[PDB]
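Asks: Next up, model.cif (mmCIF, N, CA and C atoms).
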data_target
#
loop_
_atom_site.label_atom_id
_atom_site.label_comp_id
_atom_site.auth_asym_id
_atom_site.auth_seq_id
_atom_site.Cartn_x
_atom_site.Cartn_y
_atom_site.Cartn_z
N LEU U 1 8.02 85.93 13.33
CA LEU U 1 6.66 86.35 13.00
C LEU U 1 5.71 86.01 14.14
N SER U 2 4.72 86.87 14.35
CA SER U 2 3.72 86.62 15.37
C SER U 2 2.84 85.45 14.97
N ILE U 3 2.19 84.86 15.97
CA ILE U 3 1.26 83.77 15.69
C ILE U 3 0.18 84.23 14.73
N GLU U 4 -0.31 85.46 14.91
CA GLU U 4 -1.37 85.95 14.03
C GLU U 4 -0.91 86.07 12.59
N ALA U 5 0.30 86.59 12.39
CA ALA U 5 0.84 86.72 11.03
C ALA U 5 1.07 85.36 10.40
N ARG U 6 1.54 84.39 11.19
CA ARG U 6 1.76 83.05 10.68
C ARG U 6 0.44 82.39 10.27
N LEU U 7 -0.60 82.56 11.08
CA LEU U 7 -1.90 82.00 10.71
C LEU U 7 -2.46 82.66 9.46
N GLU U 8 -2.24 83.98 9.31
CA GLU U 8 -2.69 84.66 8.10
C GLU U 8 -2.01 84.08 6.87
N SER U 9 -0.71 83.80 6.96
CA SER U 9 0.00 83.21 5.83
C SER U 9 -0.51 81.80 5.52
N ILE U 10 -0.79 81.02 6.57
CA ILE U 10 -1.34 79.68 6.40
C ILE U 10 -2.67 79.75 5.67
N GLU U 11 -3.52 80.71 6.05
CA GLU U 11 -4.80 80.87 5.37
C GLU U 11 -4.60 81.19 3.90
N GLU U 12 -3.64 82.06 3.58
CA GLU U 12 -3.38 82.42 2.19
C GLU U 12 -2.92 81.22 1.37
N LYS U 13 -2.04 80.40 1.95
CA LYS U 13 -1.59 79.21 1.25
C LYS U 13 -2.74 78.23 1.03
N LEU U 14 -3.63 78.09 2.02
CA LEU U 14 -4.78 77.22 1.84
C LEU U 14 -5.71 77.74 0.75
N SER U 15 -5.90 79.06 0.67
CA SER U 15 -6.71 79.64 -0.40
C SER U 15 -6.12 79.31 -1.77
N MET U 16 -4.80 79.42 -1.88
CA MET U 16 -4.11 79.07 -3.13
C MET U 16 -4.30 77.61 -3.48
N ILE U 17 -4.07 76.72 -2.50
CA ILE U 17 -4.22 75.28 -2.72
C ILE U 17 -5.63 74.95 -3.19
N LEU U 18 -6.63 75.52 -2.52
CA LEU U 18 -8.02 75.27 -2.90
C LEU U 18 -8.30 75.77 -4.31
N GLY U 19 -7.78 76.94 -4.66
CA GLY U 19 -8.00 77.45 -6.00
C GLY U 19 -7.38 76.55 -7.06
N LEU U 20 -6.18 76.03 -6.78
CA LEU U 20 -5.53 75.15 -7.76
C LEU U 20 -6.29 73.84 -7.93
N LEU U 21 -6.76 73.27 -6.82
CA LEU U 21 -7.48 72.00 -6.91
C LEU U 21 -8.78 72.15 -7.70
N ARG U 22 -9.46 73.29 -7.55
CA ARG U 22 -10.71 73.51 -8.27
C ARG U 22 -10.54 73.62 -9.78
N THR U 23 -9.33 73.88 -10.27
CA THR U 23 -9.13 73.90 -11.71
C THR U 23 -8.94 72.52 -12.32
N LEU U 24 -8.80 71.48 -11.50
CA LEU U 24 -8.51 70.15 -12.02
C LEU U 24 -9.77 69.46 -12.53
N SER G 1 -6.92 92.81 11.48
CA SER G 1 -6.98 92.62 12.93
C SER G 1 -8.03 91.57 13.29
N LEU G 2 -8.19 90.58 12.41
CA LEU G 2 -9.06 89.45 12.70
C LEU G 2 -8.56 88.71 13.94
N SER G 3 -9.48 88.23 14.76
CA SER G 3 -9.08 87.43 15.91
C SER G 3 -8.49 86.09 15.47
N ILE G 4 -7.69 85.49 16.35
CA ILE G 4 -7.09 84.19 16.05
C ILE G 4 -8.17 83.15 15.82
N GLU G 5 -9.23 83.20 16.63
CA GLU G 5 -10.30 82.22 16.50
C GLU G 5 -11.02 82.37 15.16
N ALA G 6 -11.23 83.60 14.69
CA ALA G 6 -11.85 83.79 13.38
C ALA G 6 -10.93 83.32 12.27
N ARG G 7 -9.63 83.53 12.42
CA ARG G 7 -8.70 83.03 11.42
C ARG G 7 -8.69 81.50 11.41
N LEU G 8 -8.74 80.88 12.58
CA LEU G 8 -8.80 79.42 12.62
C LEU G 8 -10.08 78.91 11.96
N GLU G 9 -11.21 79.61 12.16
CA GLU G 9 -12.46 79.18 11.54
C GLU G 9 -12.36 79.18 10.02
N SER G 10 -11.73 80.21 9.46
CA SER G 10 -11.52 80.27 8.01
C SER G 10 -10.60 79.15 7.53
N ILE G 11 -9.51 78.91 8.26
CA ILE G 11 -8.58 77.84 7.92
C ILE G 11 -9.28 76.48 7.95
N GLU G 12 -10.09 76.24 8.98
CA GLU G 12 -10.81 74.98 9.11
C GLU G 12 -11.80 74.77 7.96
N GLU G 13 -12.50 75.83 7.55
CA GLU G 13 -13.43 75.72 6.41
C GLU G 13 -12.67 75.41 5.13
N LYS G 14 -11.54 76.07 4.91
CA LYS G 14 -10.78 75.78 3.69
C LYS G 14 -10.25 74.35 3.69
N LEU G 15 -9.80 73.85 4.85
CA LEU G 15 -9.31 72.48 4.94
C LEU G 15 -10.40 71.48 4.63
N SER G 16 -11.60 71.76 5.13
CA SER G 16 -12.73 70.88 4.86
C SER G 16 -13.05 70.82 3.37
N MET G 17 -13.03 71.98 2.70
CA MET G 17 -13.27 71.99 1.26
C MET G 17 -12.15 71.28 0.49
N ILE G 18 -10.91 71.46 0.93
CA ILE G 18 -9.79 70.81 0.25
C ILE G 18 -9.89 69.30 0.38
N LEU G 19 -10.20 68.82 1.58
CA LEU G 19 -10.33 67.38 1.80
C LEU G 19 -11.47 66.80 0.96
N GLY G 20 -12.62 67.48 0.94
CA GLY G 20 -13.73 66.99 0.13
C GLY G 20 -13.40 66.95 -1.34
N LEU G 21 -12.69 67.97 -1.83
CA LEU G 21 -12.32 68.00 -3.24
C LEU G 21 -11.29 66.93 -3.58
N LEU G 22 -10.29 66.74 -2.70
CA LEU G 22 -9.29 65.69 -2.96
C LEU G 22 -9.90 64.30 -2.91
N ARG G 23 -10.87 64.07 -2.02
CA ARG G 23 -11.52 62.77 -2.03
C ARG G 23 -12.29 62.60 -3.33
N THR G 24 -12.99 63.65 -3.78
CA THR G 24 -13.72 63.56 -5.05
C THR G 24 -12.77 63.27 -6.21
N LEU G 25 -11.60 63.91 -6.22
CA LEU G 25 -10.64 63.68 -7.31
C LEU G 25 -10.09 62.26 -7.30
N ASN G 26 -10.05 61.63 -6.12
CA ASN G 26 -9.53 60.28 -5.96
C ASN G 26 -10.56 59.19 -6.27
N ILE G 27 -11.81 59.54 -6.59
CA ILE G 27 -12.80 58.50 -6.86
C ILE G 27 -12.45 57.79 -8.16
N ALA G 28 -12.54 56.47 -8.16
CA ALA G 28 -12.16 55.67 -9.32
C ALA G 28 -13.24 55.73 -10.39
N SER T 1 1.73 69.03 24.89
CA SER T 1 3.06 68.61 24.48
C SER T 1 3.75 69.69 23.64
N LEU T 2 3.43 69.73 22.34
CA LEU T 2 4.02 70.76 21.50
C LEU T 2 3.54 72.15 21.89
N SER T 3 4.47 73.11 21.81
CA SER T 3 4.12 74.51 21.91
C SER T 3 3.33 74.92 20.67
N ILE T 4 2.60 76.03 20.78
CA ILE T 4 1.88 76.52 19.61
C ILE T 4 2.83 76.77 18.45
N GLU T 5 4.00 77.33 18.73
CA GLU T 5 4.97 77.66 17.69
C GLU T 5 5.51 76.40 17.01
N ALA T 6 5.75 75.33 17.78
CA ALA T 6 6.21 74.08 17.16
C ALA T 6 5.12 73.48 16.27
N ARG T 7 3.87 73.55 16.70
CA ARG T 7 2.79 73.06 15.84
C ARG T 7 2.69 73.90 14.57
N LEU T 8 2.85 75.23 14.68
CA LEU T 8 2.80 76.06 13.48
C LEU T 8 3.94 75.72 12.52
N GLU T 9 5.13 75.45 13.06
CA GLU T 9 6.25 75.08 12.19
C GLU T 9 5.93 73.81 11.40
N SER T 10 5.31 72.83 12.06
CA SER T 10 4.95 71.59 11.38
C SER T 10 3.89 71.84 10.32
N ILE T 11 2.90 72.67 10.65
CA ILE T 11 1.85 72.99 9.69
C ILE T 11 2.45 73.68 8.47
N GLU T 12 3.38 74.61 8.70
CA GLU T 12 3.99 75.33 7.60
C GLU T 12 4.78 74.40 6.69
N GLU T 13 5.53 73.45 7.27
CA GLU T 13 6.29 72.52 6.44
C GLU T 13 5.37 71.61 5.64
N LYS T 14 4.28 71.15 6.24
CA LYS T 14 3.34 70.33 5.48
C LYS T 14 2.73 71.11 4.33
N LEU T 15 2.44 72.40 4.54
CA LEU T 15 1.91 73.22 3.45
C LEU T 15 2.91 73.34 2.30
N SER T 16 4.19 73.51 2.62
CA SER T 16 5.21 73.57 1.58
C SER T 16 5.28 72.26 0.79
N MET T 17 5.19 71.12 1.48
CA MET T 17 5.18 69.84 0.79
C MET T 17 3.96 69.70 -0.11
N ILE T 18 2.80 70.14 0.38
CA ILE T 18 1.57 70.04 -0.41
C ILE T 18 1.67 70.88 -1.68
N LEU T 19 2.09 72.14 -1.53
CA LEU T 19 2.21 73.03 -2.69
C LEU T 19 3.22 72.48 -3.68
N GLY T 20 4.32 71.92 -3.19
CA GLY T 20 5.31 71.35 -4.08
C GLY T 20 4.73 70.21 -4.90
N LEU T 21 3.92 69.36 -4.27
CA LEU T 21 3.30 68.26 -4.99
C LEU T 21 2.29 68.77 -6.01
N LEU T 22 1.56 69.84 -5.67
CA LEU T 22 0.57 70.35 -6.62
C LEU T 22 1.20 70.82 -7.92
N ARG T 23 2.37 71.48 -7.86
CA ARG T 23 2.94 71.89 -9.14
C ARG T 23 3.45 70.72 -9.97
N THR T 24 3.76 69.58 -9.35
CA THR T 24 4.36 68.46 -10.06
C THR T 24 3.37 67.33 -10.32
N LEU T 25 2.11 67.51 -9.97
CA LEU T 25 1.08 66.52 -10.22
C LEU T 25 0.91 66.27 -11.71
N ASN T 26 0.56 65.02 -12.05
CA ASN T 26 0.39 64.57 -13.44
C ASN T 26 1.65 64.82 -14.27
N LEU E 1 -13.09 74.31 21.53
CA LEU E 1 -11.78 73.69 21.50
C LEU E 1 -10.71 74.74 21.76
N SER E 2 -9.64 74.35 22.46
CA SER E 2 -8.52 75.25 22.63
C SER E 2 -7.83 75.46 21.29
N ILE E 3 -7.08 76.56 21.20
CA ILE E 3 -6.31 76.82 19.99
C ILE E 3 -5.31 75.70 19.75
N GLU E 4 -4.71 75.17 20.82
CA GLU E 4 -3.76 74.07 20.65
C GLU E 4 -4.43 72.83 20.08
N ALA E 5 -5.64 72.51 20.54
CA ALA E 5 -6.35 71.37 19.99
C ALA E 5 -6.76 71.62 18.54
N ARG E 6 -7.16 72.85 18.23
CA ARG E 6 -7.52 73.17 16.85
C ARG E 6 -6.31 73.07 15.92
N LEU E 7 -5.14 73.54 16.36
CA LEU E 7 -3.94 73.42 15.53
C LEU E 7 -3.53 71.96 15.36
N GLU E 8 -3.68 71.14 16.40
CA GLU E 8 -3.36 69.72 16.24
C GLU E 8 -4.27 69.09 15.19
N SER E 9 -5.56 69.42 15.22
CA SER E 9 -6.48 68.88 14.21
C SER E 9 -6.13 69.39 12.82
N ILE E 10 -5.73 70.66 12.71
CA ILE E 10 -5.32 71.20 11.41
C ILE E 10 -4.12 70.43 10.87
N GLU E 11 -3.17 70.13 11.75
CA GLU E 11 -1.99 69.36 11.34
C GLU E 11 -2.39 67.97 10.84
N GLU E 12 -3.34 67.34 11.54
CA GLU E 12 -3.82 66.02 11.11
C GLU E 12 -4.49 66.10 9.75
N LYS E 13 -5.31 67.13 9.52
CA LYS E 13 -5.96 67.26 8.22
C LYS E 13 -4.94 67.47 7.10
N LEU E 14 -3.88 68.22 7.39
CA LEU E 14 -2.83 68.43 6.39
C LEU E 14 -2.11 67.12 6.06
N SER E 15 -1.88 66.27 7.06
CA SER E 15 -1.30 64.96 6.78
C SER E 15 -2.23 64.13 5.89
N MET E 16 -3.54 64.20 6.14
CA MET E 16 -4.49 63.48 5.29
C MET E 16 -4.48 64.02 3.87
N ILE E 17 -4.43 65.35 3.73
CA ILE E 17 -4.35 65.98 2.41
C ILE E 17 -3.11 65.51 1.67
N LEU E 18 -1.97 65.43 2.36
CA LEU E 18 -0.76 64.91 1.72
C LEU E 18 -0.97 63.49 1.22
N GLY E 19 -1.61 62.64 2.03
CA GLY E 19 -1.87 61.27 1.59
C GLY E 19 -2.76 61.19 0.36
N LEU E 20 -3.81 62.02 0.31
CA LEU E 20 -4.73 62.03 -0.83
C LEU E 20 -4.04 62.54 -2.09
N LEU E 21 -3.17 63.55 -1.94
CA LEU E 21 -2.42 64.05 -3.09
C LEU E 21 -1.43 63.02 -3.62
N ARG E 22 -0.78 62.28 -2.71
CA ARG E 22 0.17 61.26 -3.16
C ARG E 22 -0.54 60.15 -3.94
N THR E 23 -1.73 59.74 -3.50
CA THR E 23 -2.51 58.75 -4.24
C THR E 23 -2.97 59.29 -5.58
N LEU E 24 -3.27 60.59 -5.64
CA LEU E 24 -3.79 61.16 -6.87
C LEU E 24 -2.72 61.22 -7.95
N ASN E 25 -1.46 61.25 -7.54
CA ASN E 25 -0.33 61.37 -8.46
C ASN E 25 0.13 60.00 -8.96
#
Would you mind giving the structure from this file in structure tokens?
Replies:
Amino acid sequence: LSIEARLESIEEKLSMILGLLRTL
Amino acid sequence: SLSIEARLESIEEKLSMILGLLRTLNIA
Amino acid sequence: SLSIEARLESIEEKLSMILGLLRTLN
Amino acid sequence: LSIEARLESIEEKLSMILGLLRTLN
């Protein structure tokens, strides 16, 4: 995967993590 | 087709929010 | 020191560990 | 900051996040 695609995936995982933490 | 620097800026903002929220959750 | 790709690999593994802990919290 | 320095800082923040999650559990 390109660096750009990898960073996009990292951003998506961070969005998920943040969403889960906000429900606590 | 976002630039790498713009993607890093978004990642950095999300990390900052995650850290602030986790510290808040850890308050006794 | 680390190449950009090696740093990304480390970041990706830490994210997997974080997500794994979130599903098993409490 | 260079991209390499920004990624190093991101990695450090992720390590801190892991520590905070471990304490929370």
Asks: Which residues of chain U come within 8 Å of chain G, and what is each one's closest atom pair and distance in Å (one decimal), counting only C-alpha atoms, sorted by chain and residue number, as JSON lines?
Replies:
{"residue": "U:4", "atom": "CA", "partner": "G:4", "partner_atom": "CA", "distance": 6.3}
{"residue": "U:7", "atom": "CA", "partner": "G:7", "partner_atom": "CA", "distance": 6.9}
{"residue": "U:8", "atom": "CA", "partner": "G:7", "partner_atom": "CA", "distance": 7.1}
{"residue": "U:10", "atom": "CA", "partner": "G:11", "partner_atom": "CA", "distance": 7.6}
{"residue": "U:11", "atom": "CA", "partner": "G:11", "partner_atom": "CA", "distance": 5.5}
{"residue": "U:14", "atom": "CA", "partner": "G:14", "partner_atom": "CA", "distance": 6.4}
{"residue": "U:15", "atom": "CA", "partner": "G:14", "partner_atom": "CA", "distance": 6.9}
{"residue": "U:17", "atom": "CA", "partner": "G:18", "partner_atom": "CA", "distance": 7.7}
{"residue": "U:18", "atom": "CA", "partner": "G:18", "partner_atom": "CA", "distance": 5.7}
{"residue": "U:21", "atom": "CA", "partner": "G:21", "partner_atom": "CA", "distance": 7.3}
{"residue": "U:22", "atom": "CA", "partner": "G:21", "partner_atom": "CA", "distance": 7.6}
Asks: Please give the complete set of residues from chain T that DSSP, run on the backbone, assigns to helix (DSSP H, G or I), formatted as number ranges by chain.
Replies: T: 4-24
Asks: Quick one: residues within 8 Å of residue E:7, only C-alpha atoms, excluding same-chain residues fewer than 5 positions away - as a list in words?
Replies: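 Skipping anything fewer than 5 positions along the chain leaves residues 4, 7 and 8 of chain T.
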Asks: Determine which residues of chain E sit within 6.5 Å of chain G, taking into account all atoms listed in the file, and present them as a PDB file with N, CA and C atoms, in the coordinates of the input.
Replies:
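What ended up in part_28.pdb:
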ATOM      1  N   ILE E  17      -4.430  65.350   3.730  1.00  0.00           N
ATOM      2  CA  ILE E  17      -4.350  65.980   2.410  1.00  0.00           C
ATOM      3  C   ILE E  17      -3.110  65.510   1.670  1.00  0.00           C
ATOM      4  N   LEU E  20      -3.810  62.020   0.310  1.00  0.00           N
ATOM      5  CA  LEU E  20      -4.730  62.030  -0.830  1.00  0.00           C
ATOM      6  C   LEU E  20      -4.040  62.540  -2.090  1.00  0.00           C
ATOM      7  N   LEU E  24      -3.270  60.590  -5.640  1.00  0.00           N
ATOM      8  CA  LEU E  24      -3.790  61.160  -6.870  1.00  0.00           C
ATOM      9  C   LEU E  24      -2.720  61.220  -7.950  1.00  0.00           C
TER      10      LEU E  24
END
Asks: One number please: atom CA of residue U:20 to atom CA of residue T:23, in Å, one decimal.
Replies: 9.2 Å
Asks: Hey, list the chain E side of the contact with chain T: 8 Å cut-off, all atoms listed in the file, answer as a ChimeraX atom specification.
Replies: /E:3-4,7-8,10-12,14-15,17-18,21-22,24-25
Asks: Go ahead and compute the interatomic distance for atom CA of residue E:1 and atom CA of residue U:12, in Å to one decimal.
Replies: 22.8 Å
Asks: Rounded to one decimal in Å, what is the spacing between atom C of residue E:6 and atom C of residue U:6?
Replies: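 Between atom C of residue E:6 and atom C of residue U:6 the gap works out to 12.8 Å.
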Asks: So for stretch 3-21 of chain E, what box centre and size do we get, axis-aligned, 5 Å extra on each of the six sides, every listed atom, Å to one decimal, as JSON?
Replies:
{"center_x": -4.1, "center_y": 69.0, "center_z": 8.8, "size_x": 16.8, "size_y": 25.6, "size_z": 34.8}
Asks: Rebuild stretch 6-23 of chain U so that it carries N, CA, C and O atoms, then output the result as a compact mmCIF listing (two decimals), in the coordinates of the input.
Replies:
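Full text of part_2.txt as output:
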# COMPACT_ATOMS: atom_id res chain seq x y z
N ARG U 6 1.54 84.39 11.19
CA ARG U 6 1.76 83.05 10.68
C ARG U 6 0.44 82.39 10.27
O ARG U 6 0.36 81.75 9.22
N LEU U 7 -0.60 82.56 11.08
CA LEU U 7 -1.90 82.00 10.71
C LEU U 7 -2.46 82.66 9.46
O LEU U 7 -3.14 82.01 8.66
N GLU U 8 -2.24 83.98 9.31
CA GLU U 8 -2.69 84.66 8.10
C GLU U 8 -2.01 84.08 6.87
O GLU U 8 -2.64 83.93 5.81
N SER U 9 -0.71 83.80 6.96
CA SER U 9 0.00 83.21 5.83
C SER U 9 -0.51 81.80 5.52
O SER U 9 -0.60 81.40 4.36
N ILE U 10 -0.79 81.02 6.57
CA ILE U 10 -1.34 79.68 6.40
C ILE U 10 -2.67 79.75 5.67
O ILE U 10 -2.95 78.97 4.74
N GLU U 11 -3.52 80.71 6.05
CA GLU U 11 -4.80 80.87 5.37
C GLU U 11 -4.60 81.19 3.90
O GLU U 11 -5.27 80.61 3.03
N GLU U 12 -3.64 82.06 3.58
CA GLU U 12 -3.38 82.42 2.19
C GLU U 12 -2.92 81.22 1.37
O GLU U 12 -3.35 81.03 0.23
N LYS U 13 -2.04 80.40 1.95
CA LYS U 13 -1.59 79.21 1.25
C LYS U 13 -2.74 78.23 1.03
O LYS U 13 -2.85 77.61 -0.04
N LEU U 14 -3.63 78.09 2.02
CA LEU U 14 -4.78 77.22 1.84
C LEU U 14 -5.71 77.74 0.75
O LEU U 14 -6.27 76.95 -0.03
N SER U 15 -5.90 79.06 0.67
CA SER U 15 -6.71 79.64 -0.40
C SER U 15 -6.12 79.31 -1.77
O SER U 15 -6.85 78.94 -2.70
N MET U 16 -4.80 79.42 -1.88
CA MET U 16 -4.11 79.07 -3.13
C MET U 16 -4.30 77.61 -3.48
O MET U 16 -4.65 77.25 -4.63
N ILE U 17 -4.07 76.72 -2.50
CA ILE U 17 -4.22 75.28 -2.72
C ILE U 17 -5.63 74.95 -3.19
O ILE U 17 -5.84 74.18 -4.14
N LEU U 18 -6.63 75.52 -2.52
CA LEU U 18 -8.02 75.27 -2.90
C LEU U 18 -8.30 75.77 -4.31
O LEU U 18 -9.00 75.10 -5.09
N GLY U 19 -7.78 76.94 -4.66
CA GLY U 19 -8.00 77.45 -6.00
C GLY U 19 -7.38 76.55 -7.06
O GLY U 19 -7.99 76.31 -8.12
N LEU U 20 -6.18 76.03 -6.78
CA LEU U 20 -5.53 75.15 -7.76
C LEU U 20 -6.29 73.84 -7.93
O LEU U 20 -6.44 73.34 -9.05
N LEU U 21 -6.76 73.27 -6.82
CA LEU U 21 -7.48 72.00 -6.91
C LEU U 21 -8.78 72.15 -7.70
O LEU U 21 -9.17 71.24 -8.45
N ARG U 22 -9.46 73.29 -7.55
CA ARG U 22 -10.71 73.51 -8.27
C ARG U 22 -10.54 73.62 -9.78
O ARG U 22 -11.52 73.47 -10.51
N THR U 23 -9.33 73.88 -10.27
CA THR U 23 -9.13 73.90 -11.71
C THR U 23 -8.94 72.52 -12.32
O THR U 23 -8.93 72.39 -13.55
